[PDB]
Amino acid sequence: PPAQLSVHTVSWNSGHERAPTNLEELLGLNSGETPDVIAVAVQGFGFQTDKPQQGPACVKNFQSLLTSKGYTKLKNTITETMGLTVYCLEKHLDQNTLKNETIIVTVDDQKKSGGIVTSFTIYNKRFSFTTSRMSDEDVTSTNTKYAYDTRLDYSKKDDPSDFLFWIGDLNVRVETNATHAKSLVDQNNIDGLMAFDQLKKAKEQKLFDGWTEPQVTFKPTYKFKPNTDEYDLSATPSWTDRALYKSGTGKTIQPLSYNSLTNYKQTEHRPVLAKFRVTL
Ligand code: HEM
């Protein structure tokens with residue numbers, strides 16, 4: 001058993017946009033790194049119906065590239081508004097130890113909000129990967145707008161997972177006016193603007209209890225005018241896509257890198273990539 005494994009996560013609230021052609025950058029492969037596990041979460045509209053017939057392109061392009069490197073897809077799950085894919089290096093898998101499971105939780109009767117958790121075991125350690133989506137208008141279990149639900153949190157089980165990641169647009173925003181937020185951005189006072197971020201408020205209500213975010217040192221990833229680096233100040237600039245981590249069993253998870261990918265400008269949000277090292 002290796003003593004450590006590397007995990008990359010990426011999430012993008014990509015809306016109606018199709019998978020780009022350069023995937024290596026998106027997945028953090030472009031520096032020569034070969035991580036053990038890769039999870040990709042997207043949020044948007046119409047993935048299941050698939051009017052545009054993008055599904056077959058996604059499969060082809062992700063499968064070509066990743067199969068080439070020795071990955072196997074453990075699971076792809078899509079609903080109308082969320083997608084979560086998890087890949088693992090083939091060499092790590094043992095069929096009768098894996099216990100691959102996915103639940104979907106749906107909160108509203110239109111099945112647009114909730115989340116997905118995919119869990120699996122390697123080297124006798126359980127990994128769980130969650131993504132979630134909530135809209136501002138929703139009635140929820142928490143009576144907040146945040147994309148949290150206890151059923152999605154595998155640290156609140158009697159047998160909690162060893163390594164947990166929660167990736168996506170949590171529907172946490174910066175709670176101040178757009179002029180002030182832009183001023184802080186222009187001065188590169190990232191910690192000053194993070195003071196207004198709603199994750200700490202959610203945590204005060206004991207949502208995302210004991211989940212940690214890596215230090216943010218990049219500018220808000222939303223809301224941009226498509227194909228520019230210009231903020232549309234009709235919304236307060238915010239950090240939308242986030243990566244949170246936890247261990248249920250006292251394992252060390254060390255973030256190596258956490259950054260937005262500013263080369264991807266096709267849309268209003270920028271994708272966010274995190275890299276972690278975990279000690280088994
Ligand atoms: C940048 C945006 C997107 C990203 C990053 C992305 C990512 C992914 C990934 C990683 C997979 C699994 C591929 C595999 O099999 O290895 C997938 C599958 C799929 N995607 Fe995309 N996707 C995007 C956009 C979309 C859009 C806009 C639609 C439809 C409106 C869509 C529809 C689908 C469908 C239907 C599948 C499953 C196909 C099947 O199982 O036959 N995706 N996507």
# chains A, B, ... in the order shown; residues from 1 in each chain; ligands from 1

$ residues_near_ligand --ligand "ligand 1" --cutoff "9 Å" --atoms "only C-alpha atoms and all ligand atoms" --output "PyMOL selection string"
chain A and resi 10-20+23+26+39-64+66-67+72-73+75-80+83-87+271

$ write_last_selection --atoms "C-alpha atoms" --output "PDB file, in the first residue's frame"
ATOM      1  CA  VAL A  10     -12.261  20.427 -10.324  1.00  0.00           C
ATOM      2  CA  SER A  11     -15.668  22.111 -10.337  1.00  0.00           C
ATOM      3  CA  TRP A  12     -17.224  24.528 -12.709  1.00  0.00           C
ATOM      4  CA  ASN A  13     -20.615  26.154 -12.727  1.00  0.00           C
ATOM      5  CA  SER A  14     -20.514  25.940 -16.499  1.00  0.00           C
ATOM      6  CA  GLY A  15     -24.186  26.643 -17.194  1.00  0.00           C
ATOM      7  CA  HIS A  16     -24.983  25.858 -20.869  1.00  0.00           C
ATOM      8  CA  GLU A  17     -21.362  25.695 -21.997  1.00  0.00           C
ATOM      9  CA  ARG A  18     -19.895  22.554 -23.582  1.00  0.00           C
ATOM     10  CA  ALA A  19     -16.739  20.776 -22.413  1.00  0.00           C
ATOM     11  CA  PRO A  20     -13.684  22.655 -23.791  1.00  0.00           C
ATOM     12  CA  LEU A  23      -8.865  19.171 -20.893  1.00  0.00           C
ATOM     13  CA  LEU A  26      -8.696  21.728 -16.661  1.00  0.00           C
ATOM     14  CA  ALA A  39     -13.115  14.147  -9.557  1.00  0.00           C
ATOM     15  CA  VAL A  40     -15.015  16.567 -11.796  1.00  0.00           C
ATOM     16  CA  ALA A  41     -18.155  18.363 -10.789  1.00  0.00           C
ATOM     17  CA  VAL A  42     -20.230  20.550 -12.999  1.00  0.00           C
ATOM     18  CA  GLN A  43     -23.370  22.571 -12.439  1.00  0.00           C
ATOM     19  CA  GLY A  44     -25.640  23.894 -15.147  1.00  0.00           C
ATOM     20  CA  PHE A  45     -28.868  23.221 -17.122  1.00  0.00           C
ATOM     21  CA  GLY A  46     -30.205  20.322 -19.214  1.00  0.00           C
ATOM     22  CA  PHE A  47     -27.468  17.699 -18.847  1.00  0.00           C
ATOM     23  CA  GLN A  48     -29.965  14.786 -18.743  1.00  0.00           C
ATOM     24  CA  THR A  49     -32.334  15.909 -21.509  1.00  0.00           C
ATOM     25  CA  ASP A  50     -29.112  16.718 -23.476  1.00  0.00           C
ATOM     26  CA  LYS A  51     -30.882  18.694 -26.279  1.00  0.00           C
ATOM     27  CA  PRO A  52     -27.454  19.690 -27.843  1.00  0.00           C
ATOM     28  CA  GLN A  53     -26.160  16.035 -27.777  1.00  0.00           C
ATOM     29  CA  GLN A  54     -22.908  16.965 -25.982  1.00  0.00           C
ATOM     30  CA  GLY A  55     -22.891  13.738 -23.936  1.00  0.00           C
ATOM     31  CA  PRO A  56     -21.179  11.651 -26.656  1.00  0.00           C
ATOM     32  CA  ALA A  57     -18.451  14.339 -27.058  1.00  0.00           C
ATOM     33  CA  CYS A  58     -17.758  14.426 -23.280  1.00  0.00           C
ATOM     34  CA  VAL A  59     -17.389  10.660 -23.178  1.00  0.00           C
ATOM     35  CA  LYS A  60     -15.151  10.489 -26.235  1.00  0.00           C
ATOM     36  CA  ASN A  61     -12.841  13.265 -25.218  1.00  0.00           C
ATOM     37  CA  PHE A  62     -12.489  12.524 -21.501  1.00  0.00           C
ATOM     38  CA  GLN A  63     -12.245   8.732 -22.163  1.00  0.00           C
ATOM     39  CA  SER A  64      -9.585   9.125 -24.905  1.00  0.00           C
ATOM     40  CA  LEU A  66      -7.719   9.582 -19.422  1.00  0.00           C
ATOM     41  CA  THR A  67      -7.722   5.920 -20.584  1.00  0.00           C
ATOM     42  CA  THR A  72     -10.657   3.991 -15.144  1.00  0.00           C
ATOM     43  CA  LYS A  73     -13.976   5.798 -14.639  1.00  0.00           C
ATOM     44  CA  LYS A  75     -18.801   6.546 -11.934  1.00  0.00           C
ATOM     45  CA  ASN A  76     -20.457   9.336 -13.898  1.00  0.00           C
ATOM     46  CA  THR A  77     -23.697  10.564 -12.525  1.00  0.00           C
ATOM     47  CA  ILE A  78     -25.814  13.337 -14.044  1.00  0.00           C
ATOM     48  CA  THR A  79     -29.124  14.964 -13.242  1.00  0.00           C
ATOM     49  CA  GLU A  80     -30.641  17.944 -14.936  1.00  0.00           C
ATOM     50  CA  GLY A  83     -22.735  16.093 -12.874  1.00  0.00           C
ATOM     51  CA  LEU A  84     -20.115  14.263 -10.874  1.00  0.00           C
ATOM     52  CA  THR A  85     -17.395  12.024 -12.374  1.00  0.00           C
ATOM     53  CA  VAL A  86     -14.751  10.150 -10.482  1.00  0.00           C
ATOM     54  CA  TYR A  87     -11.705   8.524 -12.098  1.00  0.00           C
ATOM     55  CA  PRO A 271     -13.341  26.676 -13.052  1.00  0.00           C
TER      56      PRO A 271
END

$ residues_around --residues "residue A:225" --least-positions-apart "5" --cutoff "10 Å" --atoms "only C-alpha atoms" --output "ChimeraX atom specification"
/A:230-233,265-269

$ write_last_selection --atoms "N, CA, C and O atoms" --output "CSV table (one decimal), in the first residue's frame"
chain,number,residue,atom,x,y,z
A,230,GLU,N,-13.3,40.9,-17.4
A,230,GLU,CA,-14.0,42.0,-16.8
A,230,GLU,C,-15.2,41.5,-16.0
A,230,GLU,O,-16.1,40.7,-16.5
A,231,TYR,N,-15.3,42.0,-14.8
A,231,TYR,CA,-16.4,41.7,-13.9
A,231,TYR,C,-17.7,42.5,-14.4
A,231,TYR,O,-17.6,43.7,-14.7
A,232,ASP,N,-18.8,41.8,-14.4
A,232,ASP,CA,-20.1,42.3,-14.6
A,232,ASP,C,-20.6,42.6,-13.2
A,232,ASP,O,-21.0,41.8,-12.5
A,233,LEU,N,-20.7,43.9,-12.9
A,233,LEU,CA,-21.0,44.4,-11.6
A,233,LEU,C,-22.4,44.6,-11.3
A,233,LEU,O,-22.8,45.1,-10.2
A,265,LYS,N,-12.5,31.2,-20.1
A,265,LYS,CA,-13.3,32.4,-20.1
A,265,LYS,C,-14.6,32.4,-20.8
A,265,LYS,O,-15.2,33.4,-21.0
A,266,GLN,N,-15.0,31.2,-21.2
A,266,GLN,CA,-16.2,31.0,-22.1
A,266,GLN,C,-17.4,31.4,-21.3
A,266,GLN,O,-18.5,31.7,-21.9
A,267,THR,N,-17.3,31.4,-20.0
A,267,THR,CA,-18.5,31.7,-19.2
A,267,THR,C,-18.4,32.7,-18.1
A,267,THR,O,-17.3,33.3,-17.9
A,268,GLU,N,-19.5,32.9,-17.4
A,268,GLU,CA,-19.6,33.8,-16.3
A,268,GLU,C,-18.8,33.4,-15.0
A,268,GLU,O,-18.5,34.3,-14.2
A,269,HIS,N,-18.6,32.1,-14.7
A,269,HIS,CA,-17.8,31.6,-13.6
A,269,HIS,C,-16.5,31.0,-14.2
A,269,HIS,O,-16.5,30.5,-15.3

$ atom_distance --atom1 "atom CA of residue A:224" --atom2 "atom CA of residue A:171"
16.6 Å

$ residues_around --residues "residue A:211" --least-positions-apart "6" --cutoff "6 Å" --atoms "only C-alpha atoms" --output "JSON list (two decimals) with N, CA, C and O atoms, in the first residue's frame"
[["chain", "number", "residue", "atom", "x", "y", "z"],
["A", 244, "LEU", "N", -13.97, 21.84, -0.47],
["A", 244, "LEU", "CA", -13.89, 21.65, 0.97],
["A", 244, "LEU", "C", -13.39, 20.23, 1.24],
["A", 244, "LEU", "O", -13.60, 19.33, 0.46],
["A", 245, "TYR", "N", -12.70, 20.02, 2.35],
["A", 245, "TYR", "CA", -12.23, 18.68, 2.66],
["A", 245, "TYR", "C", -12.37, 18.40, 4.16],
["A", 245, "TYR", "O", -12.37, 19.32, 5.01],
["A", 246, "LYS", "N", -12.46, 17.11, 4.42],
["A", 246, "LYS", "CA", -12.58, 16.61, 5.77],
["A", 246, "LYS", "C", -12.07, 15.16, 5.86],
["A", 246, "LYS", "O", -12.17, 14.41, 4.93]]

$ residues_around --residues "stretch 120-125 of chain A" --least-positions-apart "4" --cutoff "8 Å" --atoms "only C-alpha atoms" --output "ChimeraX atom specification"
/A:1,92-94,97-101,161-163,280

$ write_last_selection --atoms "C-alpha atoms" --output "short mmCIF file (atom, residue, chain, number, x, y, z; two decimals), in the first residue's frame"
data_model
loop_
_atom_site.label_atom_id
_atom_site.label_comp_id
_atom_site.auth_asym_id
_atom_site.auth_seq_id
_atom_site.Cartn_x
_atom_site.Cartn_y
_atom_site.Cartn_z
CA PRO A 1 0.00 0.00 0.00
CA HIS A 92 -5.34 0.84 -7.31
CA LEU A 93 -8.58 -1.03 -7.78
CA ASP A 94 -9.58 -4.35 -6.22
CA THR A 97 -13.05 -4.43 -1.81
CA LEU A 98 -14.27 -1.42 -3.84
CA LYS A 99 -17.91 -1.23 -2.74
CA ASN A 100 -18.66 1.57 -5.25
CA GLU A 101 -21.80 3.46 -4.28
CA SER A 161 -15.41 7.97 5.50
CA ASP A 162 -11.67 8.42 5.81
CA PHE A 163 -11.35 11.10 3.09
CA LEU A 280 -3.42 6.56 4.25
#

$ select_by_dssp --residues "stretch 30-135 of chain A" --states "strand (DSSP E)" --output "PyMOL selection string"
chain A and resi 37-44+71-78+82-89+101-106+114-122+125-133

$ write_last_selection --atoms "C-alpha atoms" --output "PDB file, in the first residue's frame"
ATOM      1  CA  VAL A  37      -7.800  10.163  -8.187  1.00  0.00           C
ATOM      2  CA  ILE A  38      -9.643  12.828 -10.217  1.00  0.00           C
ATOM      3  CA  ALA A  39     -13.115  14.147  -9.557  1.00  0.00           C
ATOM      4  CA  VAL A  40     -15.015  16.567 -11.796  1.00  0.00           C
ATOM      5  CA  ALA A  41     -18.155  18.363 -10.789  1.00  0.00           C
ATOM      6  CA  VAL A  42     -20.230  20.550 -12.999  1.00  0.00           C
ATOM      7  CA  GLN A  43     -23.370  22.571 -12.439  1.00  0.00           C
ATOM      8  CA  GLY A  44     -25.640  23.894 -15.147  1.00  0.00           C
ATOM      9  CA  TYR A  71      -7.450   5.865 -15.488  1.00  0.00           C
ATOM     10  CA  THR A  72     -10.657   3.991 -15.144  1.00  0.00           C
ATOM     11  CA  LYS A  73     -13.976   5.798 -14.639  1.00  0.00           C
ATOM     12  CA  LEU A  74     -15.553   4.646 -11.384  1.00  0.00           C
ATOM     13  CA  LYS A  75     -18.801   6.546 -11.934  1.00  0.00           C
ATOM     14  CA  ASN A  76     -20.457   9.336 -13.898  1.00  0.00           C
ATOM     15  CA  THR A  77     -23.697  10.564 -12.525  1.00  0.00           C
ATOM     16  CA  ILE A  78     -25.814  13.337 -14.044  1.00  0.00           C
ATOM     17  CA  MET A  82     -25.372  18.491 -11.641  1.00  0.00           C
ATOM     18  CA  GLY A  83     -22.735  16.093 -12.874  1.00  0.00           C
ATOM     19  CA  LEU A  84     -20.115  14.263 -10.874  1.00  0.00           C
ATOM     20  CA  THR A  85     -17.395  12.024 -12.374  1.00  0.00           C
ATOM     21  CA  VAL A  86     -14.751  10.150 -10.482  1.00  0.00           C
ATOM     22  CA  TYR A  87     -11.705   8.524 -12.098  1.00  0.00           C
ATOM     23  CA  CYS A  88      -9.050   6.386 -10.420  1.00  0.00           C
ATOM     24  CA  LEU A  89      -5.786   4.868 -11.605  1.00  0.00           C
ATOM     25  CA  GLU A 101     -21.802   3.461  -4.278  1.00  0.00           C
ATOM     26  CA  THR A 102     -23.610   6.574  -5.384  1.00  0.00           C
ATOM     27  CA  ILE A 103     -26.665   8.242  -3.906  1.00  0.00           C
ATOM     28  CA  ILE A 104     -28.585  11.134  -5.392  1.00  0.00           C
ATOM     29  CA  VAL A 105     -30.550  13.402  -3.080  1.00  0.00           C
ATOM     30  CA  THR A 106     -33.199  15.645  -4.507  1.00  0.00           C
ATOM     31  CA  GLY A 114     -29.872  18.521  -3.996  1.00  0.00           C
ATOM     32  CA  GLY A 115     -26.688  16.613  -4.559  1.00  0.00           C
ATOM     33  CA  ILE A 116     -24.756  13.461  -5.370  1.00  0.00           C
ATOM     34  CA  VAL A 117     -22.287  11.489  -3.263  1.00  0.00           C
ATOM     35  CA  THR A 118     -20.011   8.833  -4.752  1.00  0.00           C
ATOM     36  CA  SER A 119     -17.993   6.667  -2.430  1.00  0.00           C
ATOM     37  CA  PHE A 120     -15.479   3.869  -2.904  1.00  0.00           C
ATOM     38  CA  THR A 121     -12.761   2.028  -1.129  1.00  0.00           C
ATOM     39  CA  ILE A 122      -9.110   1.584  -2.022  1.00  0.00           C
ATOM     40  CA  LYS A 125      -9.746   3.479   3.036  1.00  0.00           C
ATOM     41  CA  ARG A 126     -13.162   4.961   2.106  1.00  0.00           C
ATOM     42  CA  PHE A 127     -13.253   8.072  -0.116  1.00  0.00           C
ATOM     43  CA  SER A 128     -16.454  10.079  -0.530  1.00  0.00           C
ATOM     44  CA  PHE A 129     -16.927  12.831  -3.160  1.00  0.00           C
ATOM     45  CA  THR A 130     -19.995  15.152  -2.955  1.00  0.00           C
ATOM     46  CA  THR A 131     -21.360  17.910  -5.171  1.00  0.00           C
ATOM     47  CA  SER A 132     -24.502  19.864  -4.504  1.00  0.00           C
ATOM     48  CA  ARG A 133     -26.701  22.603  -5.946  1.00  0.00           C
TER      49      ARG A 133
END

$ residues_around --residues "residue A:176" --least-positions-apart "5" --cutoff "9 Å" --atoms "only C-alpha atoms" --output "PyMOL selection string"
chain A and resi 181+193+196-197+236

$ select_by_dssp --residues "stretch 30-128 of chain A" --states "helix (DSSP H, G or I)" --output "PyMOL selection string"
chain A and resi 55-69+90-92

$ write_last_selection --atoms "N, CA, C and O atoms" --output "PDB file, in the first residue's frame"
ATOM      1  N   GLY A  55     -23.264  14.978 -24.622  1.00  0.00           N
ATOM      2  CA  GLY A  55     -22.891  13.738 -23.936  1.00  0.00           C
ATOM      3  C   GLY A  55     -21.863  12.875 -24.669  1.00  0.00           C
ATOM      4  O   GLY A  55     -20.847  12.557 -24.115  1.00  0.00           O
ATOM      5  N   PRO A  56     -22.128  12.484 -25.918  1.00  0.00           N
ATOM      6  CA  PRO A  56     -21.179  11.651 -26.656  1.00  0.00           C
ATOM      7  C   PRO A  56     -19.851  12.315 -26.856  1.00  0.00           C
ATOM      8  O   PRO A  56     -18.891  11.574 -26.890  1.00  0.00           O
ATOM      9  N   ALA A  57     -19.773  13.649 -26.999  1.00  0.00           N
ATOM     10  CA  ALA A  57     -18.451  14.339 -27.058  1.00  0.00           C
ATOM     11  C   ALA A  57     -17.683  14.256 -25.735  1.00  0.00           C
ATOM     12  O   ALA A  57     -16.520  13.908 -25.727  1.00  0.00           O
ATOM     13  N   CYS A  58     -18.367  14.507 -24.618  1.00  0.00           N
ATOM     14  CA  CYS A  58     -17.758  14.426 -23.280  1.00  0.00           C
ATOM     15  C   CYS A  58     -17.067  13.084 -23.074  1.00  0.00           C
ATOM     16  O   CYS A  58     -15.866  13.013 -22.743  1.00  0.00           O
ATOM     17  N   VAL A  59     -17.844  12.037 -23.363  1.00  0.00           N
ATOM     18  CA  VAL A  59     -17.389  10.660 -23.178  1.00  0.00           C
ATOM     19  C   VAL A  59     -16.147  10.480 -24.014  1.00  0.00           C
ATOM     20  O   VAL A  59     -15.101  10.185 -23.478  1.00  0.00           O
ATOM     21  N   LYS A  60     -16.257  10.735 -25.316  1.00  0.00           N
ATOM     22  CA  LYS A  60     -15.151  10.489 -26.235  1.00  0.00           C
ATOM     23  C   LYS A  60     -13.892  11.200 -25.752  1.00  0.00           C
ATOM     24  O   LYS A  60     -12.821  10.610 -25.623  1.00  0.00           O
ATOM     25  N   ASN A  61     -14.027  12.467 -25.433  1.00  0.00           N
ATOM     26  CA  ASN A  61     -12.841  13.265 -25.218  1.00  0.00           C
ATOM     27  C   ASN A  61     -12.199  12.993 -23.855  1.00  0.00           C
ATOM     28  O   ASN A  61     -10.983  12.900 -23.756  1.00  0.00           O
ATOM     29  N   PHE A  62     -13.019  12.877 -22.805  1.00  0.00           N
ATOM     30  CA  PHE A  62     -12.489  12.524 -21.501  1.00  0.00           C
ATOM     31  C   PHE A  62     -11.905  11.100 -21.531  1.00  0.00           C
ATOM     32  O   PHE A  62     -10.778  10.880 -21.017  1.00  0.00           O
ATOM     33  N   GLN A  63     -12.654  10.167 -22.141  1.00  0.00           N
ATOM     34  CA  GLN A  63     -12.245   8.732 -22.163  1.00  0.00           C
ATOM     35  C   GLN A  63     -10.947   8.564 -22.945  1.00  0.00           C
ATOM     36  O   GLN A  63     -10.039   7.905 -22.467  1.00  0.00           O
ATOM     37  N   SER A  64     -10.790   9.265 -24.071  1.00  0.00           N
ATOM     38  CA  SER A  64      -9.585   9.125 -24.905  1.00  0.00           C
ATOM     39  C   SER A  64      -8.375   9.502 -24.101  1.00  0.00           C
ATOM     40  O   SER A  64      -7.455   8.691 -23.952  1.00  0.00           O
ATOM     41  N   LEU A  65      -8.403  10.720 -23.563  1.00  0.00           N
ATOM     42  CA  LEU A  65      -7.306  11.278 -22.816  1.00  0.00           C
ATOM     43  C   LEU A  65      -6.990  10.487 -21.552  1.00  0.00           C
ATOM     44  O   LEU A  65      -5.840  10.160 -21.315  1.00  0.00           O
ATOM     45  N   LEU A  66      -7.990  10.185 -20.732  1.00  0.00           N
ATOM     46  CA  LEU A  66      -7.719   9.582 -19.422  1.00  0.00           C
ATOM     47  C   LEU A  66      -7.375   8.087 -19.480  1.00  0.00           C
ATOM     48  O   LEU A  66      -6.496   7.623 -18.745  1.00  0.00           O
ATOM     49  N   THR A  67      -8.063   7.338 -20.335  1.00  0.00           N
ATOM     50  CA  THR A  67      -7.722   5.920 -20.584  1.00  0.00           C
ATOM     51  C   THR A  67      -6.269   5.758 -21.034  1.00  0.00           C
ATOM     52  O   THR A  67      -5.576   4.871 -20.580  1.00  0.00           O
ATOM     53  N   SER A  68      -5.820   6.632 -21.918  1.00  0.00           N
ATOM     54  CA  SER A  68      -4.386   6.795 -22.259  1.00  0.00           C
ATOM     55  C   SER A  68      -3.394   6.863 -21.055  1.00  0.00           C
ATOM     56  O   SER A  68      -2.275   6.395 -21.120  1.00  0.00           O
ATOM     57  N   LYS A  69      -3.817   7.476 -19.963  1.00  0.00           N
ATOM     58  CA  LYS A  69      -2.973   7.642 -18.805  1.00  0.00           C
ATOM     59  C   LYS A  69      -3.155   6.573 -17.757  1.00  0.00           C
ATOM     60  O   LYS A  69      -2.490   6.579 -16.765  1.00  0.00           O
ATOM     61  N   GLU A  90      -6.298   2.729 -12.445  1.00  0.00           N
ATOM     62  CA  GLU A  90      -6.577   1.288 -12.549  1.00  0.00           C
ATOM     63  C   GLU A  90      -5.793   0.413 -11.592  1.00  0.00           C
ATOM     64  O   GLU A  90      -6.332  -0.531 -11.031  1.00  0.00           O
ATOM     65  N   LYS A  91      -4.539   0.768 -11.357  1.00  0.00           N
ATOM     66  CA  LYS A  91      -3.672  -0.095 -10.624  1.00  0.00           C
ATOM     67  C   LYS A  91      -4.124  -0.172  -9.171  1.00  0.00           C
ATOM     68  O   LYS A  91      -3.681  -1.059  -8.446  1.00  0.00           O
ATOM     69  N   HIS A  92      -5.015   0.723  -8.743  1.00  0.00           N
ATOM     70  CA  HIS A  92      -5.344   0.841  -7.315  1.00  0.00           C
ATOM     71  C   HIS A  92      -6.560   0.002  -6.953  1.00  0.00           C
ATOM     72  O   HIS A  92      -6.890  -0.153  -5.772  1.00  0.00           O
TER      73      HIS A  92
END

$ residues_around --residues "residue A:240" --least-positions-apart "6" --cutoff "7 Å" --atoms "only C-alpha atoms" --output "PyMOL selection string"
chain A and resi 169-173+221-222

$ write_last_selection --atoms "N, CA and C atoms" --output "compact mmCIF listing (two decimals), in the first residue's frame"
# COMPACT_ATOMS: atom_id res chain seq x y z
N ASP A 169 -20.46 24.72 -6.65
CA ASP A 169 -21.02 25.99 -6.26
C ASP A 169 -21.96 25.75 -5.10
N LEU A 170 -21.49 26.13 -3.90
CA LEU A 170 -22.26 25.93 -2.69
C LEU A 170 -23.37 26.94 -2.48
N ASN A 171 -23.47 27.90 -3.36
CA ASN A 171 -24.42 28.97 -3.30
C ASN A 171 -24.11 29.92 -2.12
N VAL A 172 -22.81 29.97 -1.75
CA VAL A 172 -22.23 30.94 -0.83
C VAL A 172 -21.75 32.11 -1.64
N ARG A 173 -22.03 33.30 -1.16
CA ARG A 173 -21.72 34.53 -1.90
C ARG A 173 -21.01 35.52 -0.95
N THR A 221 -14.35 34.30 -8.66
CA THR A 221 -14.47 33.61 -9.96
C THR A 221 -15.76 33.93 -10.72
N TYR A 222 -16.53 34.88 -10.22
CA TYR A 222 -17.85 35.24 -10.68
C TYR A 222 -18.12 36.68 -10.30
